[PDB]
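Consider the single chain below, provided in structure tokens and representing the form whose entry title says "open form".
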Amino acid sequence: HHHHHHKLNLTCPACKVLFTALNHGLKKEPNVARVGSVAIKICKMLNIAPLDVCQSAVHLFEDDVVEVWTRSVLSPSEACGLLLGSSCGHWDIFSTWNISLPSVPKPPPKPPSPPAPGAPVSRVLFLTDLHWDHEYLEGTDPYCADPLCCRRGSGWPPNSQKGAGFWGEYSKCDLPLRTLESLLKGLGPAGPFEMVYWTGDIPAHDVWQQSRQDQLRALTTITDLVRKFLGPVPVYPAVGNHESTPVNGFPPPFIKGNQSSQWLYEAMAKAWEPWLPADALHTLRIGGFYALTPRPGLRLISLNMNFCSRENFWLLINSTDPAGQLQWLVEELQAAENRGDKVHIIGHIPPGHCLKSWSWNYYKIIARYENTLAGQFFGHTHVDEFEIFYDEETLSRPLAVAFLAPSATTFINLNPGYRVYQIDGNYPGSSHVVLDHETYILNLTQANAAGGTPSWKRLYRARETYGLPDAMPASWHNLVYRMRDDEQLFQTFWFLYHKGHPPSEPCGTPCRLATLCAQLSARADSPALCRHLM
């Protein structure tokens, strides 16, 4: 219904035909091998790390990345839409998207009330980033050329240098199974616990040679070891980013067949059946997230933060609220608000590391349900730190805080560690909020020492060391700016940051202001949050 006397519509289908031809030529197996076998020769041409890795890294990524480009950019409706305009398609890739909040008016912000005298306190264990390395070996080179050392294939160290420790090593290494058994055995004094939050990243960083059997092997092995030492204590876990292979590869639910992540989510639903109820397992299989009620007046929500990860290449195809998760979260929160319940959110990748649009909608959801939210717990960063949320309009009022627990693994150059949270206990009228938290470590210098002992000691208690009236958002907000001025205090945070094993290089003024900026930045791509630091 368009009027012309010079236009040739020969260019619109010529585009569609031509890209449609590419895809058919890329799927051909004899062509895929051509794109792999050349890659080995290219890693020498681009001055890349050991080529032996390249012969493996590019192999696993190829089939999945290609499919994503054919389904995203080289999709006829997508590419031709970029060149010729709305006439021959639409360019949807990484388009901005929003979420709709319910029509329910937002209640006035009510600060939680301090716990009454004689109010019980519950202890919550927090395991994150275990990263079991089946191929960990003692005495092997910790400074190999591969991305991951201390394992079979990294060879032995030269000049009679000191090999890898028996319990781990300060380097780009992961943990042997024994060191995780030691962690779970020494939970006597740190307990008792009412429940455990377990935010994934079970398999090691040997991403280049991870079959699906090795990923399910790590799943059931550790899930069996954890259930063994926690007994009747329920463990509520979340999906990490090393759980699938290839790493970070989590195709949303709309993708079907062998290439979907059904192989993973359905194996989880079997390993985690003793912990999760029926309705929770349903959504677990589909998209790897779920919600449940661990105790009266509290709602637990486990998000699959892979559907926000830059590293998840499958999100090109459609990066709008993958799996409908944010829409589902809003429904869960809003329902809780009506019930008068509070909510705990657990995930792997902190919201500050997500895609800009995803993170901005999460940030606005938190603010809307500030009164309903009682805790946010995440991991991934392998480090002890936090992220403060502010009001969407002015970015001046702290209204929620997310705790990024440090990792059980040594990757990279850290002490093993775990984290126990003290929360307002199980009783009607409880705020369910975090009251304080404790961090335990395994000083490797001691354990690996001759005749050493594997003793898990408490590194510190949160309020005690930082002198905090409470674990509310306003107290961490104050702490950050306190460290902006007090150098000794920051060096304490810096020391605990790395679980008590700081780097050799001192952290100067530009390194400090950057690290504090991270604590205020729960919204990705938002420099205004650090206007007061620099």
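We call the rigid core the largest set of C-alpha positions that still match within 1.5 Å between the two forms. Just count from 1 along the sequence shown to find any residue number.
Not on display, but discussed next: the form whose entry title says "closed form".
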Checklist entry - After superposing on the rigid core, which residue among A474, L468, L489, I42 shows a C-alpha displacement of 2 Å or more between the shown form and the other one? => result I42
Next on the checklist: Rigid core superposed, CA of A79 - does it shift 2 Å or more between the shown form and the other one?
Outcome noted: yes
Next on the checklist: If the two forms are fitted on the core, does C517 show a Cα displacement reaching 2 angstroms between the shown form and the other one?
Outcome noted: no
Next on the checklist: Following rigid core alignment, is the displacement of the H501 C-alpha between the shown form and the other one equal to or greater than 2 angstroms?
Outcome noted: no
Next on the checklist: Can you confirm the direction of the Cα distance change for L355 and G81 in the other entry, closer or farther than in this form, given it is 3 Å or more?
Outcome noted: closer
Item to check | Outcome for the Cα pair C80, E311 in the other entry, compared with this form (closer or farther; change of 3 Å or more) | outcome: closer
